[PDB]
2 protein chains.
Amino acid sequence: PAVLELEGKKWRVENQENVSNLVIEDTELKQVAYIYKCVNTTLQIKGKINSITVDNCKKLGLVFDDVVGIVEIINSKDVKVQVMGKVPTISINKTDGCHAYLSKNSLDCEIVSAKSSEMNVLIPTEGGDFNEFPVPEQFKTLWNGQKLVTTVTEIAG
Amino acid sequence: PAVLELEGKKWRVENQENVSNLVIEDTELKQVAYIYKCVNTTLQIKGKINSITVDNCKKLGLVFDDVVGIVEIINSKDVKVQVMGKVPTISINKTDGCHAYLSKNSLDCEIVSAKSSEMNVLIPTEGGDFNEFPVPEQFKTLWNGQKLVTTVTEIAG
């Protein structure tokens, strides 16, 4: 059954299906959110918390204000994440199809990726618009005679 | 049922299970090999052919002589590949656990990877021994203010 309740420091939102108005109004700086097994859902978290984690979600739409640490999108499909404020790092792991919408205050965000595909970082521009840039998913590795030297095969549309 | 027969230019070896002596003696420069759905199998291909493709194999052990073009290891788990002679590129895609054993004559081989994990390139050393090097599977991406700049997070044991 669909869950959405704070359990200690953890904001548990799981098993959501075809909902799109989910909102977590209250919030504490040391809290964390764990969005699990949610498909075709849309969630918004108001306030600055410690970290978020999208695990095993499909067609999930997330939008948050601030995160003190990390935002993880693991084992998912077609996830959309948006920062209104600031986020240090957004880590995409074992996820296929992910769009990270940054903001004027998180242009310094670091995008860690692994075993993932179809990732795009949307950059904000004066006028509520975003430019799309694909993050590389393929790499060419070579032997130096001393070590392995890896290059990134840049993606284009 | 287990298959292993030349069908045109294609050397079809599929559905093999718990075999380990498979060998393709004959060989033509324009042929290709397609190892499909083979688990806990060991195959050796003698001679120089155009290309090999390991698709959907588990615990597969392959060893070939020469390849004119590419060796693909796609959608697999725990695959071991070894070149006695020369191979231009070895591409690992959607594969978890792959060990590429190179040779004195293919040290210039290129290792293309994507959506894969646990990959290692074994480099030969005077004495029938190999040194192991893990190929990167995680990447850090940053916004330039002009473009995205991707760095490789180097793997260590």
# chains A, B, ... in the order shown; residues from 1 in each chain; ligands from 1

call {"tool": "interface_residues", "arguments": {"of": "chain A", "to": "chain B", "cutoff": "9 Å", "atoms": "only C-alpha atoms", "output": "PDB file with C-alpha atoms, in the first residue's frame"}}
result
ATOM      1  CA  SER A  91      24.437  10.765  -8.468  1.00  0.00           C
ATOM      2  CA  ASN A  93      23.417   4.890 -10.811  1.00  0.00           C
ATOM      3  CA  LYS A  94      21.968   1.925 -12.701  1.00  0.00           C
ATOM      4  CA  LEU A 107      25.364  25.403 -11.629  1.00  0.00           C
ATOM      5  CA  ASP A 108      28.295  24.093  -9.597  1.00  0.00           C
ATOM      6  CA  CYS A 109      26.480  20.810  -9.031  1.00  0.00           C
ATOM      7  CA  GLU A 110      28.492  17.650  -9.725  1.00  0.00           C
ATOM      8  CA  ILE A 111      26.851  14.881 -11.764  1.00  0.00           C
ATOM      9  CA  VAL A 112      28.204  11.471 -10.814  1.00  0.00           C
ATOM     10  CA  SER A 113      27.101   8.646 -13.127  1.00  0.00           C
ATOM     11  CA  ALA A 114      27.596   4.884 -13.474  1.00  0.00           C
ATOM     12  CA  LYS A 115      25.953   2.034 -15.410  1.00  0.00           C
ATOM     13  CA  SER A 116      23.426   4.625 -16.590  1.00  0.00           C
ATOM     14  CA  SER A 117      22.076   5.763 -19.943  1.00  0.00           C
ATOM     15  CA  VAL A 121      21.520  18.037 -17.661  1.00  0.00           C
ATOM     16  CA  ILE A 123      20.825  24.334 -17.764  1.00  0.00           C
ATOM     17  CA  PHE A 133      23.159  18.711 -22.684  1.00  0.00           C
ATOM     18  CA  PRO A 134      23.664  14.944 -22.744  1.00  0.00           C
ATOM     19  CA  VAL A 135      26.107  13.406 -20.302  1.00  0.00           C
ATOM     20  CA  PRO A 136      28.421  10.736 -21.843  1.00  0.00           C
ATOM     21  CA  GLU A 137      27.598   7.071 -21.360  1.00  0.00           C
ATOM     22  CA  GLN A 138      30.369   5.462 -23.402  1.00  0.00           C
ATOM     23  CA  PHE A 139      34.127   5.421 -22.891  1.00  0.00           C
ATOM     24  CA  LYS A 140      37.254   4.459 -24.834  1.00  0.00           C
ATOM     25  CA  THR A 141      40.110   3.002 -22.796  1.00  0.00           C
ATOM     26  CA  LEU A 142      43.700   2.539 -23.954  1.00  0.00           C
ATOM     27  CA  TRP A 143      46.897   0.957 -22.599  1.00  0.00           C
ATOM     28  CA  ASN A 144      49.837   3.338 -22.010  1.00  0.00           C
ATOM     29  CA  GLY A 145      52.553   0.767 -21.533  1.00  0.00           C
ATOM     30  CA  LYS A 147      48.661   2.369 -17.299  1.00  0.00           C
ATOM     31  CA  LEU A 148      45.159   2.660 -18.743  1.00  0.00           C
ATOM     32  CA  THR A 150      40.379   6.568 -20.455  1.00  0.00           C
ATOM     33  CA  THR A 151      38.679   9.072 -22.727  1.00  0.00           C
ATOM     34  CA  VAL A 152      34.997   9.999 -22.798  1.00  0.00           C
ATOM     35  CA  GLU A 154      31.000  12.843 -25.977  1.00  0.00           C
TER      36      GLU A 154
END

call {"tool": "residues_around", "arguments": {"residues": "residue A:60", "least_positions_apart": "2", "cutoff": "7 Å", "atoms": "only C-alpha atoms", "output": "PyMOL selection string"}}
result
chain A and resi 38-42+57-58+62+78-80

call {"tool": "write_last_selection", "arguments": {"atoms": "C-alpha atoms", "output": "compact mmCIF listing (two decimals), in the first residue's frame"}}
result
# COMPACT_ATOMS: atom_id res chain seq x y z
CA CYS A 38 6.99 4.87 -7.28
CA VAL A 39 5.82 4.91 -10.89
CA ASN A 40 4.15 7.70 -12.86
CA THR A 41 4.33 9.81 -9.70
CA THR A 42 5.20 13.47 -9.12
CA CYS A 57 11.13 4.32 -9.63
CA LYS A 58 9.61 4.66 -13.09
CA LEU A 62 10.87 15.13 -8.45
CA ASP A 78 12.73 7.91 -16.78
CA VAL A 79 13.35 10.04 -13.69
CA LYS A 80 13.17 13.85 -13.76

call {"tool": "closest_residue", "arguments": {"among": "B:33, B:97, B:46, B:119", "to": "residue B:72", "atoms": "only C-alpha atoms"}}
result
B:33

call {"tool": "closest_residue", "arguments": {"among": "B:86, B:104, B:12, B:59", "to": "residue B:130", "atoms": "only C-alpha atoms"}}
result
B:104

call {"tool": "residues_around", "arguments": {"residues": "residue A:103", "least_positions_apart": "5", "cutoff": "7 Å", "atoms": "only C-alpha atoms", "output": "list in words"}}
result
residues 83, 84, 85, 123 and 124 of chain A

call {"tool": "write_last_selection", "arguments": {"atoms": "C-alpha atoms", "output": "short mmCIF file (atom, residue, chain, number, x, y, z; two decimals), in the first residue's frame"}}
result
data_model
loop_
_atom_site.label_atom_id
_atom_site.label_comp_id
_atom_site.auth_asym_id
_atom_site.auth_seq_id
_atom_site.Cartn_x
_atom_site.Cartn_y
_atom_site.Cartn_z
CA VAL A 83 16.53 21.86 -8.00
CA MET A 84 15.01 25.21 -7.24
CA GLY A 85 17.86 26.07 -4.91
CA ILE A 123 20.82 24.33 -17.76
CA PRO A 124 18.64 27.36 -16.90
#

call {"tool": "residues_around", "arguments": {"residues": "stretch 28-32 of chain B", "least_positions_apart": "2", "cutoff": "6 Å", "atoms": "only C-alpha atoms", "output": "list in words"}}
result
residues 9, 10, 11, 48, 49, 50, 51 and 52 of chain B

call {"tool": "decode", "arguments": {"residues": "stretch 40-147 of chain B", "atoms": "C-alpha atoms", "output": "PDB file, in the first residue's frame"}}
result
ATOM      1  CA  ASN B  40      29.277 -21.995 -18.126  1.00  0.00           C
ATOM      2  CA  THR B  41      30.739 -22.693 -21.566  1.00  0.00           C
ATOM      3  CA  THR B  42      34.289 -22.430 -22.901  1.00  0.00           C
ATOM      4  CA  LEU B  43      34.965 -21.846 -26.600  1.00  0.00           C
ATOM      5  CA  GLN B  44      38.110 -21.342 -28.677  1.00  0.00           C
ATOM      6  CA  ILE B  45      38.244 -20.071 -32.248  1.00  0.00           C
ATOM      7  CA  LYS B  46      41.349 -20.886 -34.282  1.00  0.00           C
ATOM      8  CA  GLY B  47      42.297 -18.537 -37.092  1.00  0.00           C
ATOM      9  CA  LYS B  48      41.623 -14.959 -38.159  1.00  0.00           C
ATOM     10  CA  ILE B  49      37.990 -14.010 -38.777  1.00  0.00           C
ATOM     11  CA  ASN B  50      36.152 -10.718 -39.203  1.00  0.00           C
ATOM     12  CA  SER B  51      34.449 -10.326 -35.827  1.00  0.00           C
ATOM     13  CA  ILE B  52      32.999 -12.059 -32.779  1.00  0.00           C
ATOM     14  CA  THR B  53      29.902 -11.295 -30.697  1.00  0.00           C
ATOM     15  CA  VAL B  54      29.109 -12.641 -27.255  1.00  0.00           C
ATOM     16  CA  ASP B  55      25.431 -11.884 -26.695  1.00  0.00           C
ATOM     17  CA  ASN B  56      23.510 -13.001 -23.605  1.00  0.00           C
ATOM     18  CA  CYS B  57      26.113 -15.343 -22.125  1.00  0.00           C
ATOM     19  CA  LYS B  58      26.862 -16.226 -18.513  1.00  0.00           C
ATOM     20  CA  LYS B  59      30.149 -17.641 -17.249  1.00  0.00           C
ATOM     21  CA  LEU B  60      31.478 -17.776 -20.821  1.00  0.00           C
ATOM     22  CA  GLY B  61      35.139 -18.371 -21.568  1.00  0.00           C
ATOM     23  CA  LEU B  62      36.327 -17.339 -25.016  1.00  0.00           C
ATOM     24  CA  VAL B  63      39.783 -17.382 -26.563  1.00  0.00           C
ATOM     25  CA  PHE B  64      40.479 -16.469 -30.169  1.00  0.00           C
ATOM     26  CA  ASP B  65      43.503 -15.831 -32.386  1.00  0.00           C
ATOM     27  CA  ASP B  66      42.905 -12.807 -34.609  1.00  0.00           C
ATOM     28  CA  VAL B  67      39.963 -10.573 -35.433  1.00  0.00           C
ATOM     29  CA  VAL B  68      39.931  -8.100 -38.311  1.00  0.00           C
ATOM     30  CA  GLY B  69      37.466  -5.750 -36.710  1.00  0.00           C
ATOM     31  CA  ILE B  70      35.550  -5.889 -33.447  1.00  0.00           C
ATOM     32  CA  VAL B  71      34.814  -8.261 -30.562  1.00  0.00           C
ATOM     33  CA  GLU B  72      31.520  -7.496 -28.832  1.00  0.00           C
ATOM     34  CA  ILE B  73      30.471  -8.652 -25.395  1.00  0.00           C
ATOM     35  CA  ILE B  74      26.886  -7.475 -25.013  1.00  0.00           C
ATOM     36  CA  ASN B  75      24.216  -8.216 -22.378  1.00  0.00           C
ATOM     37  CA  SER B  76      26.407 -10.711 -20.521  1.00  0.00           C
ATOM     38  CA  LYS B  77      27.611 -11.759 -17.067  1.00  0.00           C
ATOM     39  CA  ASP B  78      31.108 -12.958 -16.136  1.00  0.00           C
ATOM     40  CA  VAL B  79      32.653 -13.264 -19.594  1.00  0.00           C
ATOM     41  CA  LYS B  80      36.359 -13.926 -20.130  1.00  0.00           C
ATOM     42  CA  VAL B  81      37.941 -13.039 -23.468  1.00  0.00           C
ATOM     43  CA  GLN B  82      41.495 -13.695 -24.586  1.00  0.00           C
ATOM     44  CA  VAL B  83      43.427 -12.716 -27.700  1.00  0.00           C
ATOM     45  CA  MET B  84      46.379 -14.856 -28.705  1.00  0.00           C
ATOM     46  CA  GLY B  85      47.146 -12.530 -31.582  1.00  0.00           C
ATOM     47  CA  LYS B  86      45.640  -9.178 -32.575  1.00  0.00           C
ATOM     48  CA  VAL B  87      42.282  -7.411 -32.123  1.00  0.00           C
ATOM     49  CA  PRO B  88      41.590  -3.706 -32.856  1.00  0.00           C
ATOM     50  CA  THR B  89      38.716  -3.125 -30.461  1.00  0.00           C
ATOM     51  CA  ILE B  90      36.846  -5.013 -27.747  1.00  0.00           C
ATOM     52  CA  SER B  91      33.492  -3.441 -26.954  1.00  0.00           C
ATOM     53  CA  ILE B  92      31.753  -4.209 -23.685  1.00  0.00           C
ATOM     54  CA  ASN B  93      28.077  -3.214 -23.558  1.00  0.00           C
ATOM     55  CA  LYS B  94      25.433  -3.894 -20.908  1.00  0.00           C
ATOM     56  CA  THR B  95      27.804  -6.496 -19.435  1.00  0.00           C
ATOM     57  CA  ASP B  96      28.629  -7.117 -15.759  1.00  0.00           C
ATOM     58  CA  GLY B  97      31.976  -8.766 -15.113  1.00  0.00           C
ATOM     59  CA  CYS B  98      34.358  -9.009 -18.041  1.00  0.00           C
ATOM     60  CA  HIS B  99      38.050  -9.792 -18.140  1.00  0.00           C
ATOM     61  CA  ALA B 100      39.923  -8.978 -21.320  1.00  0.00           C
ATOM     62  CA  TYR B 101      43.260 -10.771 -21.624  1.00  0.00           C
ATOM     63  CA  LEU B 102      45.450  -9.021 -24.177  1.00  0.00           C
ATOM     64  CA  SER B 103      48.653 -10.170 -25.831  1.00  0.00           C
ATOM     65  CA  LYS B 104      52.004  -8.745 -26.865  1.00  0.00           C
ATOM     66  CA  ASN B 105      50.411  -8.065 -30.260  1.00  0.00           C
ATOM     67  CA  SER B 106      47.186  -6.309 -29.264  1.00  0.00           C
ATOM     68  CA  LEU B 107      48.440  -4.030 -26.499  1.00  0.00           C
ATOM     69  CA  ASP B 108      47.097  -1.312 -28.780  1.00  0.00           C
ATOM     70  CA  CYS B 109      43.605  -2.727 -28.481  1.00  0.00           C
ATOM     71  CA  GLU B 110      40.882  -0.227 -27.655  1.00  0.00           C
ATOM     72  CA  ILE B 111      38.377  -1.028 -24.904  1.00  0.00           C
ATOM     73  CA  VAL B 112      35.010   0.597 -25.562  1.00  0.00           C
ATOM     74  CA  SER B 113      32.599   0.303 -22.616  1.00  0.00           C
ATOM     75  CA  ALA B 114      29.031   1.334 -21.734  1.00  0.00           C
ATOM     76  CA  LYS B 115      26.417   0.477 -19.085  1.00  0.00           C
ATOM     77  CA  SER B 116      28.883  -2.127 -17.878  1.00  0.00           C
ATOM     78  CA  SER B 117      30.524  -2.998 -14.587  1.00  0.00           C
ATOM     79  CA  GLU B 118      33.370  -5.075 -13.124  1.00  0.00           C
ATOM     80  CA  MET B 119      35.634  -4.884 -16.184  1.00  0.00           C
ATOM     81  CA  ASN B 120      39.346  -5.663 -16.072  1.00  0.00           C
ATOM     82  CA  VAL B 121      42.042  -5.682 -18.735  1.00  0.00           C
ATOM     83  CA  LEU B 122      44.765  -8.268 -18.140  1.00  0.00           C
ATOM     84  CA  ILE B 123      48.154  -7.219 -19.512  1.00  0.00           C
ATOM     85  CA  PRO B 124      50.711  -9.926 -20.361  1.00  0.00           C
ATOM     86  CA  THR B 125      54.174  -9.991 -18.800  1.00  0.00           C
ATOM     87  CA  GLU B 126      57.342 -11.939 -19.634  1.00  0.00           C
ATOM     88  CA  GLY B 127      56.354 -15.274 -18.134  1.00  0.00           C
ATOM     89  CA  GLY B 128      52.806 -16.216 -19.065  1.00  0.00           C
ATOM     90  CA  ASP B 129      51.468 -13.982 -16.302  1.00  0.00           C
ATOM     91  CA  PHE B 130      49.005 -11.120 -16.373  1.00  0.00           C
ATOM     92  CA  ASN B 131      48.683  -7.854 -14.480  1.00  0.00           C
ATOM     93  CA  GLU B 132      45.141  -6.764 -13.712  1.00  0.00           C
ATOM     94  CA  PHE B 133      43.797  -3.271 -14.296  1.00  0.00           C
ATOM     95  CA  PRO B 134      40.186  -2.253 -13.633  1.00  0.00           C
ATOM     96  CA  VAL B 135      38.505  -0.091 -16.271  1.00  0.00           C
ATOM     97  CA  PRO B 136      36.430   2.841 -14.876  1.00  0.00           C
ATOM     98  CA  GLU B 137      32.685   2.494 -14.554  1.00  0.00           C
ATOM     99  CA  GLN B 138      31.815   5.762 -12.809  1.00  0.00           C
ATOM    100  CA  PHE B 139      32.059   9.338 -14.101  1.00  0.00           C
ATOM    101  CA  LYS B 140      31.870  12.861 -12.672  1.00  0.00           C
ATOM    102  CA  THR B 141      30.345  15.526 -14.919  1.00  0.00           C
ATOM    103  CA  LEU B 142      30.512  19.310 -14.425  1.00  0.00           C
ATOM    104  CA  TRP B 143      29.027  22.400 -16.099  1.00  0.00           C
ATOM    105  CA  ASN B 144      31.499  24.797 -17.706  1.00  0.00           C
ATOM    106  CA  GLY B 145      29.226  27.752 -18.251  1.00  0.00           C
ATOM    107  CA  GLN B 146      29.848  26.733 -21.832  1.00  0.00           C
ATOM    108  CA  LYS B 147      29.543  22.938 -21.852  1.00  0.00           C
TER     109      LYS B 147
END
